[PDB]
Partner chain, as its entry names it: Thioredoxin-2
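Here's a solo chain for you in structure tokens, the form solved without the partner chain.
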């Protein structure tokens, strides 16, 4: 089988939908989404998505230590649970393309590696087609160089508790220079 959904995220399949976002260092990804959109989303959790199953260091999870090895292909991500009647997927994706530089391949600012890659991981085929459409429309704003990988969600594992809400727990922690809301 496969773990696609966070074990700790607040998610009601009757009303909510999911989107998994890769913007580089997931501390910045969560901080941006919570700073500007916490009141409009149901819940969000940081984790590791779309990597090699064989390179997990535990049967049901993958650790920060293991991912930092740089060979697991796992991406540092934020999984967002949201109500479509409160906020649309387009609004969340527009925000996505404003909070990081999506033109760099396997890097975000000084953070280098496949774990920091730009990505949009869809939890349905319908979302996949919409995400690809939104990426197309955003191209001219980023010099037609958008490197964001759009593919279905393959696996997701919650990051360690200390990673959750990191920059809101510790404001003195590392902040990526590219992680800010652009005009």
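Residue numbers count along the first chain shown, from 1.
Beyond the structure shown, there is the form deposited with the partner chain bound, which is absent from this document and is the topic of what follows.
At the 4.5 Å threshold, heavy atoms of residue 175 reach the partner chain in the entry with it bound. Put simply, residue 45 is far from the partner chain in the entry with it bound: not one heavy atom of it is within 4.5 Å. At a distance threshold of 4.5 angstroms between non-hydrogen atoms, residue 27 is in contact with the partner chain in the entry with it bound.
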